[PDB]
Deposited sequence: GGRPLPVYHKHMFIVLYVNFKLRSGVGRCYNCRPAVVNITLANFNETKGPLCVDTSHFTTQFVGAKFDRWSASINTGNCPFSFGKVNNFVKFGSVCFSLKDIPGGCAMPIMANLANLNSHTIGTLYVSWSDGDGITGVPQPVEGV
């Protein structure tokens, strides 16, 4: 199970550096949304550039790191885009 998390900041001139990234690419490695959930080692491949990094929180799950759409009766742990010492944006959710 691999969870890819990437984002880019707004581009060009006059950008908000700490606002939510304009581009986000959350990819679960073999998930298909219409086929539904994906059911051995969890992996994380988050973005890391300058002061910006990607993280995954624990949310309701009693464990700490499968769908990008809600799994009724499950726990959704949010995928975050964090600016070191300033702002954190929920850019996604990984449901289990």
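Counting from residue 1 of the deposited sequence, the stretches lacking C-alpha coordinates in this chain are 1 to 13, 53 to 57, 84 to 96, 128 to 145.
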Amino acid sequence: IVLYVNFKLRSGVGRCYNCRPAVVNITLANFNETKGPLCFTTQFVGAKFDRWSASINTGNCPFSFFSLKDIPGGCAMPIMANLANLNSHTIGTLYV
From here on, numbers count along this sequence of modelled residues.
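Between 12 to 20 and 70 to 78, it is 70 to 78 that carries the larger average Cα temperature factor according to the deposited entry. Annotation for 47 to 55 versus 29 to 37: the higher mean temperature factor (C-alpha) is found in 29 to 37.
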